[PDB]
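Asks: This is the structure I want to talk about, given as C-alpha cells.
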Amino acid sequence: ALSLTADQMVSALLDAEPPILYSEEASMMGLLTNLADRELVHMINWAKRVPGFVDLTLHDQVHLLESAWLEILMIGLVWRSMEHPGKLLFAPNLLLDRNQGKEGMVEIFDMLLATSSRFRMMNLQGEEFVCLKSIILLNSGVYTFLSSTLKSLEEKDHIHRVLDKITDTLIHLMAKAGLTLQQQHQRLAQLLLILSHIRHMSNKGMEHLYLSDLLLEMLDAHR
Amino acid sequence: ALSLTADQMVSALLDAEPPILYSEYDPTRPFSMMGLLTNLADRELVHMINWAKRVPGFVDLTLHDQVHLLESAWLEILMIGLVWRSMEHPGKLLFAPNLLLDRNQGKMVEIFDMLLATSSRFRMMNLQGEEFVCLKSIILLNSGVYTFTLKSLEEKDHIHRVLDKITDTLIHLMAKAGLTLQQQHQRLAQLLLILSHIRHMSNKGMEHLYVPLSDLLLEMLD
Ligand SMILES: CN(C)CCOc1ccc([C@H]2C[C@]3(C)[C@@H](O)CC[C@H]3[C@@H]3CCc4cc(O)ccc4[C@H]32)cc1
Ligand SMILES: CN(C)CCOc1ccc([C@H]2C[C@]3(C)[C@@H](O)CC[C@H]3[C@@H]3CCc4cc(O)ccc4[C@H]32)cc1
C-alpha cells in the first residue's frame, strides 16, 4: 500500500469502483432502502480493495465502515447526481427532485443537491472523487477507536500513513491538471472541507433513520 | 482581507483571540455541572462574536449571512477552543481554569471521550498556536457556507476567496517551520480532516443539547 505510486493508487481505486445499481409516493422509502442495502454489499467489496484497508484487524475494518457507510453512500449519490441539476440520481431509473422528498427528508435532499451543485461548479473529476471516497472510509472512524492497546496505535499509524499517500495522490492529480502549487493546495483544502459537510449530512441522515454484526459477517470471509 | 500577507493574517488572528473565562461558582462552597457549563458557554459566545468581527473578511458579509455562519459554527468553535486549551492536560478537559474535569466527572460521556481524543491528536501533531487560529477561522467561514440570488453567489465567492487566503497562510506557516512541500500538503490535509471530526462532535452536542439563537446573535453583532 505505502509503496504505490500516485498513478498506481489512482489505478487501484478506479479499478475498485462498485457498479451502479438499479432500483427494484408510499413505496419510495422502501425502494431507497432496498437499493441502499444492495449497495452496502458492494461497498464491502470496494473497501477490501482500497489499499491498506485489509491490512487492518477485522474489528477495525468494521469500526471504519460502521462510521463511514452512510457518508460513502451519500458521496456516491452526489457524484452520480452531479450532471443532473436539481435532481438526485439514486439509480438510473430512480431520479428524484425535491418535491418527491417532501418526514425531515427535504432538508437532507437540499443539502445533497447543494453538494452536487458544488461538485459541478468545481468540475470534480472522477479520479478526485475516488480519492475523496477512500479518505472518508479511512478517516471518519479513526478518532473513535475507543482503545489504545499497542495494536490500536499501530493500526492508527498505518491508516494515517495511507491517508498521507492519498493526499499525495490528490496533489499529483492536480499537478497533472496543470494547476499552480497555490491552486493545488487551495483545491485540496476546498475538497477536504466538503468532507465536513458530508459528515453533517450523514449525521442528519442517521437521525432520520433513528449493523456491525452484518458488516463483520460480510467482512469476515473464509478462503 | 484579500490583500493581507500571510504574516499579517496570522497577526490579525492572534490579536483577535478571545479571553479565557472562568466558571461562575463559589470556590469557598460545596461542589450543578450542566448549569455551570451552560452559563460558561453563554458568556463565551459573546466574546466569540467579537472575535468573528475581527476575522479578516467576515464583516464584509451581510448581517444575515454573518448570523447564518455563526449559527452553524458556534458549537464547533467552542469545542475547538476547549480542545486547544486542554491540550497540556492529558485525560482532562479545561472548560475553565477553575473547572478542569476528567472522564468520571463528565458523567456527556461519549462526547467527553471524543473531545479528549481530539485533544490527544492535537498534542500528538504538536499543533501550533498560529495553526489553531487558522483552523478556527476556517470553521467559522466553512461551516455554514453550504446551507445559505446574485448577492448570495457573490457572498459565497467572497467566503471561498477568504478561505483560500487562510489555506495560503497555513501553508506559509508550515513552510516557515521547515516542512517540505510534501510535508506541507500532508499536514494541511491532516488538520482539515480533524475538522470533520469536530463537526461530528458538534452534531452530537446539538443532539445531546436537545427567542431564536439568530436573534441573540444579531443583537450581539449589532
Ligand atoms: C443499509 N441498511 C442496513 C440501512 C438502511 O440504509 C439506508 C436506507 C435508506 C437510505 C436512503 C433514505 C435516506 C436515509 C432518507 O431517509 C434521508 C437520507 C436518505 C439517503 C440518502 C443517501 C442514499 C444513498 C443511496 O445510494 C441510497 C439511498 C440513500 C438514502 C439510505 C441508507
Ligand atoms: C450557547 N447557548 C445559546 C446554548 C447553550 O450552549 C452550550 C451549553 C453547554 C455546553 C457544554 C455542555 C455540552 C453541550 C454537553 O451537554 C455535551 C457537549 C458539551 C459542550 C462541549 C463544548 C463546550 C465548550 C465550552 O467552552 C463550554 C461548554 C461546552 C459544553 C456547550 C454549549
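Residues in the C-alpha cells are named by chain (A, B, ... in the order shown) and by number from 1 within that chain; ligands are numbered from 1 in the order shown.
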Pick out the residues sitting within 12 Å of residue 104 (chain B), and hand them over as number ranges by chain; count only C-alpha atoms, and ignore anything fewer than 4 positions along from it in its own chain.
Replies: B: 91-93, 100, 108-110, 112-113
Asks: Those residues with N, CA, C and O atoms, as a compact mmCIF listing (two decimals), in the first residue's frame please?
Replies:
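Once everything was written out, this is result_29.txt:
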# COMPACT_ATOMS: atom_id res chain seq x y z
N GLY B 91 -6.10 13.57 29.41
CA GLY B 91 -7.22 12.94 30.08
C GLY B 91 -8.16 13.89 30.77
O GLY B 91 -9.11 13.42 31.41
N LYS B 92 -7.93 15.19 30.69
CA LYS B 92 -8.83 16.17 31.25
C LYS B 92 -9.27 17.23 30.22
O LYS B 92 -8.57 17.54 29.25
N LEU B 93 -10.43 17.83 30.47
CA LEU B 93 -10.94 18.96 29.69
C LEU B 93 -10.93 20.21 30.57
O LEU B 93 -11.54 20.23 31.65
N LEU B 100 -11.61 22.11 35.72
CA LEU B 100 -10.87 21.09 34.99
C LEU B 100 -11.45 19.72 35.36
O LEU B 100 -11.35 19.29 36.52
N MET B 108 -22.97 12.94 28.44
CA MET B 108 -21.80 13.74 28.08
C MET B 108 -20.61 12.80 27.89
O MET B 108 -19.60 13.18 27.29
N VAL B 109 -20.76 11.58 28.41
CA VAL B 109 -19.69 10.58 28.41
C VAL B 109 -19.10 10.42 27.02
O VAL B 109 -17.88 10.54 26.82
N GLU B 110 -19.96 10.14 26.03
CA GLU B 110 -19.48 9.86 24.68
C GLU B 110 -18.78 11.06 24.08
O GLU B 110 -17.74 10.92 23.44
N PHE B 112 -17.45 13.67 25.74
CA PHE B 112 -16.24 13.85 26.55
C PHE B 112 -15.05 13.06 25.99
O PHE B 112 -13.98 13.63 25.77
N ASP B 113 -15.25 11.76 25.70
CA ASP B 113 -14.17 10.95 25.13
C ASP B 113 -13.74 11.44 23.76
O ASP B 113 -12.54 11.42 23.43
Asks: Neighbours of region 150-160 of chain B within 8 Å (only C-alpha atoms; same-chain residues fewer than 3 positions away dropped), as a PDB file with C-alpha atoms, in the first residue's frame?
Replies:
ATOM      1  CA  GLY B  57     -13.327  39.215   5.516  1.00  0.00           C
ATOM      2  CA  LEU B  61     -20.702  39.818   4.503  1.00  0.00           C
ATOM      3  CA  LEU B 141     -16.266  30.528   7.247  1.00  0.00           C
ATOM      4  CA  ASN B 142     -16.883  26.961   6.065  1.00  0.00           C
ATOM      5  CA  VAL B 145     -21.389  28.102   3.518  1.00  0.00           C
ATOM      6  CA  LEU B 163     -10.903  30.528   2.837  1.00  0.00           C
ATOM      7  CA  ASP B 164      -8.328  30.293   0.078  1.00  0.00           C
TER       8      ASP B 164
END
Asks: Could you list, as a PyMOL selection string, all protein and nucleic acid residues with an atom at most 10 Å from ligand 2, counting only C-alpha atoms and all ligand atoms?
Replies: chain B and resi 20-21+23+33-46+71+74-83+85+93-96+106+108-112+114-115+201-210+212-214+216-217
Asks: For ligand 1, list the contacting residues at 10 Å or closer, counting only C-alpha atoms and all ligand atoms, as a ChimeraX atom specification.
Replies: /A:20-21,23,28-41,69-78,80,88-91,101,103-109,111-112,201-212,214-215
Asks: May I ask you to extract the residues of chain A within 6 Å of chain B, using only C-alpha atoms, and to give them as a PyMOL selection string?
Replies: chain A and resi 164+186+196
Asks: Quick one: residues within 9 Å of residue 218 (chain A), only C-alpha atoms, excluding same-chain residues fewer than 5 positions away - as a PyMOL selection string?
Replies: chain A and resi 41+44-45+213
Asks: Could you take the residues named above and write them with N, CA and C atoms, as an mmCIF file, in the first residue's frame?
Replies:
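After the write, selection_9.cif holds the following:
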data_model
loop_
_atom_site.group_PDB
_atom_site.id
_atom_site.type_symbol
_atom_site.label_atom_id
_atom_site.label_comp_id
_atom_site.auth_asym_id
_atom_site.auth_seq_id
_atom_site.Cartn_x
_atom_site.Cartn_y
_atom_site.Cartn_z
ATOM 1 N N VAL A 41 -23.546 -4.193 0.169
ATOM 2 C CA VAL A 41 -22.816 -5.419 -0.131
ATOM 3 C C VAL A 41 -21.619 -5.078 -1.015
ATOM 4 N N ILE A 44 -18.653 -3.195 0.672
ATOM 5 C CA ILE A 44 -17.729 -4.077 1.451
ATOM 6 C C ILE A 44 -16.640 -4.561 0.504
ATOM 7 N N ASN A 45 -17.037 -5.002 -0.685
ATOM 8 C CA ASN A 45 -16.067 -5.479 -1.666
ATOM 9 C C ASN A 45 -15.123 -4.378 -2.129
ATOM 10 N N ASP A 213 -22.884 -6.332 13.223
ATOM 11 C CA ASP A 213 -22.878 -7.779 13.030
ATOM 12 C C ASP A 213 -22.972 -8.138 11.548
#
Asks: What's the 10 Å shell around region 125-129 of chain B, counting only C-alpha atoms, without same-chain residues fewer than 3 positions away, as JSON, numbers by chain?
Replies: {"B": [10, 14, 84, 87, 119, 120, 121, 122, 132, 133, 134, 135, 173, 174, 187, 190, 191]}
Asks: Looking at only C-alpha atoms, which of A:82, A:4, A:95, A:216 is the one that sits closest to residue 116 (chain A)?
Replies: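 Among A:82, A:4, A:95, A:216, it is A:82 that comes nearest to residue 116 (chain A).
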